[PDB]
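Inspection log for the structure reproduced underneath, given as structure tokens.
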Amino acid sequence: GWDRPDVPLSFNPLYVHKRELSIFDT
Amino acid sequence: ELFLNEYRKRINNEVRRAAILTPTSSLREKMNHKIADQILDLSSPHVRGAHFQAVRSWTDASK
Amino acid sequence: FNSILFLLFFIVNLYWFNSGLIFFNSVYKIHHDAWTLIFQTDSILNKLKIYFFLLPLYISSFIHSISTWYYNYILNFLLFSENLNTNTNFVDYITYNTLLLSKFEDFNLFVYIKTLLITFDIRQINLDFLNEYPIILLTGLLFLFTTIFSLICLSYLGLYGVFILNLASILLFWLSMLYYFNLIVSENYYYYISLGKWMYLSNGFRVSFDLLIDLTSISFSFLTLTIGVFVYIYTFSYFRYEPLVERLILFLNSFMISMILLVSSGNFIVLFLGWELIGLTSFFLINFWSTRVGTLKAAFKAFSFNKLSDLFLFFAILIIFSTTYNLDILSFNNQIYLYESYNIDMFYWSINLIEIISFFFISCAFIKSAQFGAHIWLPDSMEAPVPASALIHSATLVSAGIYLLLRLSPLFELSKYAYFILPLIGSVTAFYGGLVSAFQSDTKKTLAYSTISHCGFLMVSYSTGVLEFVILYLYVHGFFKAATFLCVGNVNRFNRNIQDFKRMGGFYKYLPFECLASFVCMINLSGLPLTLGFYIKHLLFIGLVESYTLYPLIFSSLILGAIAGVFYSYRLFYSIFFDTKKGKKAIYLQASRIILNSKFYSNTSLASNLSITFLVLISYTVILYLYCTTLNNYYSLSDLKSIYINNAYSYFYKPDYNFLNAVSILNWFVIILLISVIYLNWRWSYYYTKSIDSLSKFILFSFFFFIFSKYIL
Amino acid sequence: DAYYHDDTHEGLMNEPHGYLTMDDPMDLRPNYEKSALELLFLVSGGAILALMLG
Amino acid sequence: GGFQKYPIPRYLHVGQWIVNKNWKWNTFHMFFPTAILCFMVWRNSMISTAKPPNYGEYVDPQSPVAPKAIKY
Amino acid sequence: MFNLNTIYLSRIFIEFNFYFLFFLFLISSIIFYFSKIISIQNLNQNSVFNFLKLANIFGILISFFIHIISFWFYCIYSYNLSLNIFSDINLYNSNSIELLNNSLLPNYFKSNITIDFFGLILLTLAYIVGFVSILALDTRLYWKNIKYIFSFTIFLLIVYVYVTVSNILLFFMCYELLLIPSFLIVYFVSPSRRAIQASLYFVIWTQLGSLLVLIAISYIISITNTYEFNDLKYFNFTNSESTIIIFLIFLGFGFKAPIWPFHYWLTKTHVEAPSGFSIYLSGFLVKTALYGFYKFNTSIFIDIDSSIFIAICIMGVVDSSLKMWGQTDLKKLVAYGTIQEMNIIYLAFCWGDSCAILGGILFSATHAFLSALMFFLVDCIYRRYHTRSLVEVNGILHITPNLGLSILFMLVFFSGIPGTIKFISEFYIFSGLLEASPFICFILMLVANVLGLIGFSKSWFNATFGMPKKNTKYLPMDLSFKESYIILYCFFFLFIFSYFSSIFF
Amino acid sequence: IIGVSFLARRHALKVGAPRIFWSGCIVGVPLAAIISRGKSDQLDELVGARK
Amino acid sequence: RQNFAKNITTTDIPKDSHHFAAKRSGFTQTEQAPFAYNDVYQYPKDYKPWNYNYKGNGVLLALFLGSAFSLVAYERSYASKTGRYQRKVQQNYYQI
Ligand SMILES: CCCCCCCCCCCCCCCCCC(=O)OC[C@H](COP(=O)([O-])OCC(O)COP(=O)([O-])OC[C@@H](COC(=O)CCCCCCCCCCCCCCCCC)OC(=O)CCCCCCCCCCCCCCCCC)OC(=O)CCCCCCCCCCCCCCCCC
Ligand SMILES: CCCCCCCCCCCCCCCCCC(=O)OC[C@H](COP(=O)([O-])OCC(O)COP(=O)([O-])OC[C@@H](COC(=O)CCCCCCCCCCCCCCCCC)OC(=O)CCCCCCCCCCCCCCCCC)OC(=O)CCCCCCCCCCCCCCCCC
Ligand SMILES: CCCCCCCCCCCCCCCCCC(=O)OC[C@H](COP(=O)([O-])OCC[N+](C)(C)C)OC(=O)CCCCCCCCCCCCCCCCC
Ligand SMILES: CCCCCCCCCCCCCCCCCC(=O)OC[C@H](COP(=O)([O-])OCC[N+](C)(C)C)OC(=O)CCCCCCCCCCCCCCCCC
Ligand SMILES: CCCCCCCCCCCCCCCCCC(=O)OC[C@H](COP(=O)([O-])OCC[N+](C)(C)C)OC(=O)CCCCCCCCCCCCCCCCC
Ligand SMILES: CCCCCCCCCCCCCCCCCC(=O)OC[C@H](COP(=O)([O-])OCC[N+](C)(C)C)OC(=O)CCCCCCCCCCCCCCCCC
Ligand SMILES: CCCCCCCCCCCCCCCC(=O)OC[C@H](COP(=O)(O)O)OC(=O)CCCCCCCCCCCCCCC
């Protein structure tokens, strides 16, 4: 019924790094 | 060495032929003959199937 | 320059040439060597008459001579070889060959044209020719090439193009497989085909690419192909309106062909190839949702286990090759008994050769069949779409170990390790899977754990050692597991990808076909009295051996696993369909709108319903055929190529009072469990007192009915 | 289904599209890397056919 | 049932919701040539196919077809 | 039916292909030097750089075709020579056929050419890998390093003399000549700044082994004044001399062909070297050492236990396989894979001249092609996605489907599926090792094909799959025709070389 | 096979359909003949008539 | 960067000069000057970017001729191995 807006880019949310990627967790 | 390996390959092919031609009944009875003895006699010590080296003394190489 | 005139002249020339050919043939027969005396007579009038009346023959011979001269020149030019037989000059050669007419001695134009026409005649093909030469290869190659080329050319073949092409190929393959299934299973027909010398594997060795279509191969091949046909028909509806339906369809076809190649393998190299191919294609199917990395973790888990199994299988094959300088399956099966007495000198222990080879084979078989310990990947493999899950868990991925055991049975018959390990692990897996499935709440997880339990039962059946019982169990489990998987897939699609039935309730009306189809499929799958699936468990308990040291644990685990079927079947069916409505209001309201009321109304696909119905019908027919072949008084199964007789059929033909009364214990255990799952109340209801009253009525009526039936008549 | 949209009317059904490779269809460079690799493939195949097969 | 359709870039050669108008002729010209190739492969392989004797046939042990042991 | 025409055609083709390459190189170099006062590119469409690129590419390619023909002639010649020697049993008859040299071109370095199957396999690897690497280095050569367009032609000439000579000293000199061009390429063509230190590490690590091999050659030459490589049959080295020679030879050639612990230089150089030169290094430059080790150890009689050398090779395999998991850098991961494969190949040569050499040669060929494929894929990833790290690269398949498909098929080939020369080589080596020492064979197979394989596959699968939501304005398009056909040719060779005549394998 | 493949390949080109499969048929007819003739000529005794 | 010449003489570049039009009247005192070159690339109709768009028979003919040459060469080779000027076809051929 309703004309839905095109699928949101929000469906895939960009992930922003906030913590160091330790080399001990490679 | 390749010729002995060829003997082993030929006897294996003959065993496959026997398996296909002869039903499982009497198959072992007919195999317990020249064929089985040759299969055992062509074992690894006598034929170098896939081993890196066939450990042969100079007398064995001459033979 | 008229087409009609050209055609008329051509027809006249044809008739004239045919008449001249007949005349020359007759004259040549009369004058075998003296025909020249009249043909090449020095008389000018006779020479002119002969040339005029045989002009079509003479012009044809001239054209043939020119063509032969040019062809010989081309061959000499290309091959730097010899001359045109001799060094005849062009003029001498052409004159001699044109004057020579003996080339037409046995040639008749009408006969030649008729032979060319009848060459392609299809009336000639006969069953006897098909029986001599298997057309299974022609259709399997068709299916394989169709899948490969469809994968490559996706843009050319849209959704509909891919579907129709692969549907045609798979239907032809299945029909041919169906035709040869009757001959292979009962008529003692099996084929050994070779495509060529594949690779060199030693200084002078070269293994050929060979296929073995035997009873052992066909049992798995026909089951996988029959399940795959309907899974293929069903997938186009399950993945309806999805971005990537062609990819899923082609992945399913790839996995099917990989499993078919594995089962119908003529030597260990082809077997290993098929092993790796099923592993890789199962990985792709599990990782179908490539965008998500959560799916990649399950795919990588399955990949690691598959690589471990590949290591074990490769090492076992290497041991076999080192012992016997041969990789042929038949040769190995018929030779292993000679080398049974041998031992292998390892690091610090002298291990028995049969024991070590069987150890590696059983390890890889357990990993791929999801036995206890190595089953951790199977629950996580449910991330795949339901068609892929059904195909892998019914008869394609989880039966690879069973196929290995059946194909190399002569090896394991002389294996102490196999004797000790197969029953114990099989029973433990059966119990574990059954109980976990009973306590499970998700549909796909429940089916996965039920698959684990049935694989354990298959291992225990092989331990008993009746290959016919193992094959029957495999067929029953595969067919009904696949059907139940399809039904739960429809249920999940309706419920919007929520696979837990805690949010499912009152779906009987919204999915009428699924409810009844699931009822039938589940009663058959879970071994229940008066169903096609009761006999498999009955035969397993008939054949179970009693000389084991851990027999107490084995038998108790088997009993618990066998009874566990009832709980999971009841929970799944009741909670999905006839329980109180637990799902979100939207699921029901979106479909209850009056505007939708129509002759076309349905929450599933008509093609899906037809596919499930045909799958159930064909499974019933095939299971009945196998039961008649094996369990009938007249044994008409084809040779299994095994010399180990277990004596288990004695308790199926002439059971004694002890065993007859022993089976009653399990029968009544199942009866009590059914009564519990039916009449037991866990929640307050308006019908609590009336439910207790109904239980009392049923008990008393059962007693009186038994009294009248046995004594009063 | 209830409200299925036909392909002829669905504006988001895609016909075959996209560029097979990164090479520009209309390129003015006399580039020969593709020709060199095609020649390598063809000569290898021809050598197999004319020297090795059979 | 399925996910909502979203635009796909034209430049990208991907299979998302790809439908071909000429799929009928494409299928016709992809099926029959494949069938001919498989027929050629099948007739080539049939030369190296093995089958056990029929119902009324027995293998004579002294016939050439019968298996023969290696003669040293 | 074999005739002298085939013999002379084989010899003439082998001799004249070298002079074809040399004359092409000489003409190209003369043009380059005498066309410009300063030998650098003129940044215009009419530069001589285009002509030099054309000449190098289609000299290598045409010489590769001629090498195919000459290799086939050699195969026929060697097979029929063995038949001629073996067939005749009469005591009066003996095969003594003497060939007279042509009067057109001279014998380079006054040496009679001798060709073997391993040498020609090495030469074919040189041709193909050099072609791939030159195709890769086009974007790297610009306006001051154009002089390095001839590096692969120089490599081809050096390798040709290396594999078509029966002289020990010329053999050693050809082996040692490879250092300068490779060092210059790494030093002047590598974009990364760490390449400066990587080049020094490469030079020092390889030169230590070169000095070891030099000491061994000095021992052989000083003791035996001969140089014909066949007079060693009539001279026997004492036990001490033989053990010293084998130790020096093994260690020196293992410095080049990476062995544990001498692979630090290899990792550094592969990480910091041009993506186009890493292909050539891994594919070919580590196998000249294997060829030299094979020649020397099969010529010398050694009466020592090879357990220590086998242990070194197995330790290298285990070390590389265990470290595969912890690499997020695709290039370093491929370098560890190269170390593993090279150590397996080297292990294949630890039983003198036994049948293990066949598996070693086949594994050398398959590793060359597989490493070329892997490094080329890494090159494509790095060039279109401006990073070769797993953390920065994800979801390649969804933006570049062809590249993701190439990665997946590369992993499948690396896994060693049947129908591939990789599988055939693994089968040879493991079949021998099972009888040699079954428990060691089990440990090696387990580690390499499970733990190392899983570590290798983790990073590649993580890169291929996922969802590339980052930097949507800078995403690349796809593989080009050049890259696609290179990948296809690598796959085609890996698949079809299994049909090569089994006489030599 | 060759004639029908040529005609069908022409039709596929006309209607814009794939034709590399018809090309494969045409190319492989001689190759299939070579393989079959070589297999027949080889003195290899599979299960069947002895040489 | 690239230094090749765009304007080739082997053929005339396909183009459309009507898609973009340059303004030539009615300007304002704040509007930028128009552009001189406004031709766009025009592809041939029926060009499909998703395949090779190859319509030649050269490759097929080359492969078929190579296969035919290989067949005839093998025939001659077999005759030479058997020591005959031509193959001696037998009356019956069996499986093998
Ligand atoms: C984009 C690519 C990206 C690559 C990089 C990424 C790589 C990794 C990821 C891979 C996955 C992603 C890429 C895949 C998607 C690509 C999408 C795409 O581009 O779509 C367009 C692409 C091209 O079609 P199109 O663009 O519409 O039109 C192209 C032209 O119109 C066609 O013009 P034409 O009609 O004139 O045809 C020209 C010619 C095609 O010309 C060539 O390709 C030149 C080949 C030179 C030789 C090189 C070695 C070949 C080795 C065998 C493989 C043959 C090639 C087939 C492809 C590989 C296998 C799948 O066609 C033929 O004649 C075919 C015959 C070839 C046989 C040659 C054999 C040489 C000797 C080999 C060794 C000895 C064999 C003994 C056998 C004995 C008997 C069994 O889509 C396809 O059509 C796919 C075709 C796939 C192959 C099947 C068809 C050929 C079958 C040949 C015979 C074998 C079958 C059984 C025969 C049985 C009897 C013997
Ligand atoms: C698990 C991994 C899986 C990976 C794979 C996944 C699947 C991937 C699928 C996608 C990729 C593969 C399939 C698609 C490939 C592309 C097909 C295509 O159509 O592309 C269009 C592509 C692009 O089209 P284009 O831009 O127009 O370029 C056209 C070409 O430049 C040239 O076109 P053209 O029209 O100018 O034709 C040129 C032709 C010119 O053709 C001709 O000249 C033939 C006609 C004349 C015959 C002679 C007549 C003489 C007397 C005169 C008679 C009157 C005139 C007659 C002619 C009139 C004009 C027709 O010249 C040649 O071909 C030279 C070859 C010569 C050496 C070999 C053949 C001879 C052998 C010895 C023969 C001895 C007997 C004869 C003796 C003769 C007397 C000495 O063109 C081609 O097809 C070129 C061929 C090479 C294409 C690439 C092939 C890649 C193959 C990859 C295989 C990978 C295998 C991996 C296996 C992995 C297994 C595990
Ligand atoms: C002691 C005598 C010798 C035999 C030893 C063994 C004793 C019997 C052991 C029975 C264990 C059965 C475990 C079933 C677990 C089911 C879990 C599940 O799915 O959820 C619950 C499902 C119901 O699922 P539901 O979804 O409807 O609701 C679940 C509600 N909650 C979660 C709140 C519990 O089924 C049941 O509730 C029935 C199981 C409980 C009743 C068990 C009665 C046992 C009667 C034994 C009779 C023995 C006859 C004599 C001979 C025996 C030996 C031959
Ligand atoms: C001579 C005899 C016959 C010769 C034929 C030789 C065939 C050799 C093998 C060819 C493989 C072709 C693969 C094409 C893949 C195309 C891309 C695709 O599918 O989508 C990728 C999908 C999505 O692709 P996409 O939609 O982004 O892009 C498609 C279009 N392109 C690629 C051009 C841009 O990505 C993936 O997730 C990777 C999936 C890979 C799945 C590969 C499965 C292969 C299964 C084969 C089974 C064969 C059984 C053999 C049994 C007998 C063995 C002896
Ligand atoms: C004492 C004797 C000394 C001999 C010294 C040899 C001198 C060599 C001088 C080379 C000059 C190169 C430029 C010539 C002018 C090109 C004009 C042009 O582009 O128009 C197109 C015309 C014709 O083009 P076309 O369109 O007709 O294409 C067909 C090409 N042919 C004729 C070759 C079949 O000229 C050419 O295409 C010639 C290309 C020459 C460059 C070739 C590069 C490949 C490697 C060989 C280089 C030479 C080294 C020696 C041979 C190899 C070793 C044996
Ligand atoms: C691994 C170390 C780090 C990497 C750098 C590599 C350096 C070491 C390279 C290998 C050198 C050889 C070691 C094994 C020697 C085996 C034979 C042996 O000595 O046994 C006693 C041998 C063998 O004796 P035998 O008992 O077997 O038989 C002879 C017995 N008699 C004599 C009693 C009849 O006895 C000797 O004759 C003594 C020889 C000693 C030689 C030691 C010096 C070698 C100098 C040349 C190489 C120098 C390379 C330096 C490189 C740069 C270093 C920074
Ligand atoms: C019971 C099986 C049910 C399923 C069958 C599915 C179809 C299988 C394919 C058809 C049978 C093929 C094998 C024939 C065996 C044979 O030679 O059988 C023998 C007969 C002749 O009899 P004889 O050889 O005994 O004299 O063969 C023929 O008559 C050949 C005529 C052609 C047969 C069909 C060929 C199909 C291949 C594709 C053709 C494409 C044509 C062009 C399209 C544009």
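Ligands are numbered from 1 in the order shown, residues from 1 within each chain, and chains are lettered A, B, ... in the order they appear in the structure tokens.
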
Quiz prompt | Which of chain B fall in helix (DSSP H, G or I), as a PyMOL selection string | solution = chain B and resi 2-21+27-31+34-41+58-62

Could you save those same residues with N, CA, C and O atoms as a compact mmCIF listing (two decimals), in the first residue's frame?
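Written output follows (result.txt):
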```txt
# COMPACT_ATOMS: atom_id res chain seq x y z
N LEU B 2 61.05 -50.95 -13.29
CA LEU B 2 59.78 -50.64 -13.93
C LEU B 2 59.07 -51.90 -14.41
O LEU B 2 57.84 -51.95 -14.41
N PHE B 3 59.84 -52.91 -14.81
CA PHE B 3 59.24 -54.15 -15.31
C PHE B 3 58.60 -54.94 -14.18
O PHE B 3 57.52 -55.52 -14.36
N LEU B 4 59.24 -54.99 -13.02
CA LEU B 4 58.63 -55.63 -11.86
C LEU B 4 57.38 -54.87 -11.41
O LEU B 4 56.37 -55.49 -11.06
N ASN B 5 57.44 -53.54 -11.41
CA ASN B 5 56.25 -52.75 -11.11
C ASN B 5 55.15 -53.04 -12.13
O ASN B 5 53.96 -53.05 -11.79
N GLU B 6 55.54 -53.27 -13.39
CA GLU B 6 54.56 -53.61 -14.42
C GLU B 6 53.94 -54.97 -14.14
O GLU B 6 52.74 -55.17 -14.36
N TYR B 7 54.73 -55.94 -13.67
CA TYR B 7 54.16 -57.21 -13.24
C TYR B 7 53.11 -56.99 -12.17
O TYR B 7 52.02 -57.58 -12.22
N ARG B 8 53.41 -56.16 -11.17
CA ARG B 8 52.45 -55.91 -10.11
C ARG B 8 51.19 -55.25 -10.66
O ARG B 8 50.07 -55.60 -10.26
N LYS B 9 51.35 -54.27 -11.55
CA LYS B 9 50.19 -53.61 -12.14
C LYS B 9 49.35 -54.60 -12.95
O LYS B 9 48.12 -54.56 -12.90
N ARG B 10 50.01 -55.48 -13.70
CA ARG B 10 49.28 -56.46 -14.50
C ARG B 10 48.50 -57.43 -13.63
O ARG B 10 47.35 -57.76 -13.93
N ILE B 11 49.10 -57.90 -12.53
CA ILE B 11 48.39 -58.84 -11.67
C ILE B 11 47.23 -58.14 -10.97
O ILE B 11 46.17 -58.74 -10.77
N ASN B 12 47.40 -56.87 -10.61
CA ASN B 12 46.28 -56.11 -10.04
C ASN B 12 45.15 -55.97 -11.05
O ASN B 12 43.98 -56.11 -10.70
N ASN B 13 45.49 -55.68 -12.31
CA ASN B 13 44.46 -55.58 -13.34
C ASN B 13 43.76 -56.91 -13.55
O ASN B 13 42.54 -56.95 -13.77
N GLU B 14 44.50 -58.01 -13.48
CA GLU B 14 43.89 -59.33 -13.61
C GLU B 14 42.95 -59.61 -12.44
O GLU B 14 41.91 -60.25 -12.61
N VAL B 15 43.31 -59.16 -11.24
CA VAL B 15 42.42 -59.32 -10.09
C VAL B 15 41.13 -58.53 -10.30
O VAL B 15 40.04 -59.00 -9.98
N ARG B 16 41.24 -57.31 -10.83
CA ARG B 16 40.05 -56.54 -11.14
C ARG B 16 39.20 -57.25 -12.18
O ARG B 16 37.97 -57.30 -12.07
N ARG B 17 39.84 -57.81 -13.21
CA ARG B 17 39.10 -58.55 -14.23
C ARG B 17 38.39 -59.75 -13.62
O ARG B 17 37.23 -60.02 -13.93
N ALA B 18 39.07 -60.48 -12.74
CA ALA B 18 38.44 -61.61 -12.06
C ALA B 18 37.26 -61.16 -11.22
O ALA B 18 36.21 -61.81 -11.22
N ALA B 19 37.41 -60.04 -10.50
CA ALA B 19 36.31 -59.55 -9.68
C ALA B 19 35.09 -59.21 -10.52
O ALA B 19 33.95 -59.52 -10.14
N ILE B 20 35.29 -58.56 -11.67
CA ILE B 20 34.16 -58.17 -12.50
C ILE B 20 33.52 -59.40 -13.15
O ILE B 20 32.29 -59.52 -13.18
N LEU B 21 34.33 -60.31 -13.68
CA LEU B 21 33.78 -61.44 -14.43
C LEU B 21 33.12 -62.45 -13.50
O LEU B 21 32.00 -62.91 -13.76
N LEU B 27 34.63 -66.71 -6.10
CA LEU B 27 35.69 -65.78 -6.48
C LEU B 27 36.96 -66.03 -5.67
O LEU B 27 38.05 -66.13 -6.23
N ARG B 28 36.83 -66.14 -4.35
CA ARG B 28 38.00 -66.44 -3.53
C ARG B 28 38.50 -67.86 -3.77
O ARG B 28 39.71 -68.10 -3.68
N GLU B 29 37.60 -68.80 -4.06
CA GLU B 29 38.05 -70.15 -4.37
C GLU B 29 38.94 -70.16 -5.60
O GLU B 29 39.97 -70.84 -5.62
N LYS B 30 38.56 -69.41 -6.63
CA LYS B 30 39.37 -69.33 -7.84
C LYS B 30 40.61 -68.47 -7.64
O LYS B 30 41.62 -68.68 -8.31
N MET B 31 40.55 -67.49 -6.73
CA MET B 31 41.72 -66.66 -6.47
C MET B 31 42.76 -67.40 -5.64
O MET B 31 43.96 -67.11 -5.76
N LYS B 34 47.27 -69.82 -8.45
CA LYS B 34 48.44 -69.10 -8.93
C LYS B 34 48.33 -67.60 -8.66
O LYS B 34 49.33 -66.96 -8.31
N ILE B 35 47.14 -67.03 -8.81
CA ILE B 35 46.99 -65.58 -8.78
C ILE B 35 47.31 -65.03 -7.40
O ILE B 35 48.06 -64.05 -7.27
N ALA B 36 46.77 -65.64 -6.34
CA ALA B 36 47.03 -65.14 -5.00
C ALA B 36 48.49 -65.28 -4.62
O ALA B 36 49.08 -64.38 -4.01
N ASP B 37 49.11 -66.41 -4.98
CA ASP B 37 50.53 -66.60 -4.69
C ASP B 37 51.38 -65.55 -5.39
O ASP B 37 52.33 -65.02 -4.81
N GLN B 38 51.05 -65.24 -6.65
CA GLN B 38 51.79 -64.21 -7.37
C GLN B 38 51.58 -62.83 -6.75
O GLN B 38 52.52 -62.04 -6.68
N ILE B 39 50.36 -62.53 -6.31
CA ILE B 39 50.11 -61.25 -5.66
C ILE B 39 51.01 -61.09 -4.44
O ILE B 39 51.63 -60.04 -4.24
N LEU B 40 51.09 -62.13 -3.61
CA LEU B 40 51.93 -62.06 -2.42
C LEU B 40 53.41 -62.03 -2.80
O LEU B 40 54.20 -61.34 -2.16
N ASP B 41 53.79 -62.78 -3.83
CA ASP B 41 55.19 -62.85 -4.23
C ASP B 41 55.67 -61.56 -4.87
O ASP B 41 56.88 -61.33 -4.95
N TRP B 58 74.31 -55.27 -4.63
CA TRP B 58 74.85 -55.34 -5.99
C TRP B 58 74.51 -56.67 -6.64
O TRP B 58 74.32 -56.74 -7.86
N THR B 59 74.45 -57.75 -5.85
CA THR B 59 74.04 -59.04 -6.40
C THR B 59 72.60 -58.99 -6.89
O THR B 59 72.29 -59.52 -7.97
N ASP B 60 71.70 -58.37 -6.12
CA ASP B 60 70.31 -58.26 -6.55
C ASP B 60 70.19 -57.41 -7.80
O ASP B 60 69.41 -57.74 -8.71
N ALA B 61 70.94 -56.32 -7.88
CA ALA B 61 70.92 -55.49 -9.08
C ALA B 61 71.41 -56.27 -10.28
O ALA B 61 70.84 -56.18 -11.37
N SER B 62 72.48 -57.05 -10.11
CA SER B 62 72.98 -57.87 -11.20
C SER B 62 71.94 -58.89 -11.64
O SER B 62 71.77 -59.15 -12.84
```

Quiz item: Near chain C, which residues of chain H fall within 9 Å when you count only C-alpha atoms, and what do they look like as a ChimeraX atom specification?
Solution: /H:50-51,69,72-73,76,85

Practice problem: Check every protein, DNA and RNA residue against ligand 2, keep those with an atom at most 8 Å away (counting only C-alpha atoms and all ligand atoms), and present them as a VMD selection string. | Solution: (chain C and resid 78 152) or (chain D and resid 35 37 to 39 41 to 47 49 to 50) or (chain F and resid 409 419 to 420 485 488 to 496) or (chain G and resid 20) or (chain H and resid 52 to 63 65 to 70)

Return as JSON lines the residues of chain C lying at most 10 Å from ligand 1, together with the closest atom-to-atom pair for each and the distance in Å to one decimal, counting only C-alpha atoms and all ligand atoms, with rows in chain order and ascending residue number.
```
{"residue": "C:141", "atom": "CA", "partner": "ligand 1", "partner_atom_place_in_ligand_line": "96 (C)", "distance": 9.6}
{"residue": "C:145", "atom": "CA", "partner": "ligand 1", "partner_atom_place_in_ligand_line": "95 (C)", "distance": 7.8}
{"residue": "C:146", "atom": "CA", "partner": "ligand 1", "partner_atom_place_in_ligand_line": "88 (C)", "distance": 9.8}
{"residue": "C:148", "atom": "CA", "partner": "ligand 1", "partner_atom_place_in_ligand_line": "60 (C)", "distance": 7.5}
{"residue": "C:149", "atom": "CA", "partner": "ligand 1", "partner_atom_place_in_ligand_line": "86 (C)", "distance": 5.8}
{"residue": "C:150", "atom": "CA", "partner": "ligand 1", "partner_atom_place_in_ligand_line": "84 (C)", "distance": 8.6}
{"residue": "C:151", "atom": "CA", "partner": "ligand 1", "partner_atom_place_in_ligand_line": "15 (C)", "distance": 7.5}
{"residue": "C:152", "atom": "CA", "partner": "ligand 1", "partner_atom_place_in_ligand_line": "15 (C)", "distance": 4.3}
{"residue": "C:153", "atom": "CA", "partner": "ligand 1", "partner_atom_place_in_ligand_line": "81 (O)", "distance": 5.0}
{"residue": "C:154", "atom": "CA", "partner": "ligand 1", "partner_atom_place_in_ligand_line": "17 (C)", "distance": 7.6}
{"residue": "C:155", "atom": "CA", "partner": "ligand 1", "partner_atom_place_in_ligand_line": "20 (O)", "distance": 7.6}
{"residue": "C:156", "atom": "CA", "partner": "ligand 1", "partner_atom_place_in_ligand_line": "27 (O)", "distance": 7.6}
{"residue": "C:195", "atom": "CA", "partner": "ligand 1", "partner_atom_place_in_ligand_line": "80 (C)", "distance": 9.5}
{"residue": "C:196", "atom": "CA", "partner": "ligand 1", "partner_atom_place_in_ligand_line": "80 (C)", "distance": 9.6}
```

Practice problem: Output as a list in words the set of chain E residues within 10 Å of chain F, with distances taken over only C-alpha atoms. | Solution: residues 11, 12, 13 and 14 of chain E

Convert the current residue selection to file output with C-alpha atoms, as a PDB file, in the first residue's frame.
```pdb
ATOM      1  CA  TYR E  11      28.636  -0.787 -14.405  1.00  0.00           C
ATOM      2  CA  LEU E  12      28.907  -3.761 -12.033  1.00  0.00           C
ATOM      3  CA  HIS E  13      28.584  -7.207 -13.635  1.00  0.00           C
ATOM      4  CA  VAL E  14      26.575  -8.932 -10.894  1.00  0.00           C
TER       5      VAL E  14
END
```

Per residue of chain G within 9 Å of chain D, which atom pair is closest and at what distance in Å (one decimal), using only C-alpha atoms, listed by chain and increasing number, as JSON lines?
```
{"residue": "G:31", "atom": "CA", "partner": "D:53", "partner_atom": "CA", "distance": 8.8}
{"residue": "G:34", "atom": "CA", "partner": "D:54", "partner_atom": "CA", "distance": 6.9}
{"residue": "G:35", "atom": "CA", "partner": "D:54", "partner_atom": "CA", "distance": 7.4}
{"residue": "G:38", "atom": "CA", "partner": "D:54", "partner_atom": "CA", "distance": 6.6}
```
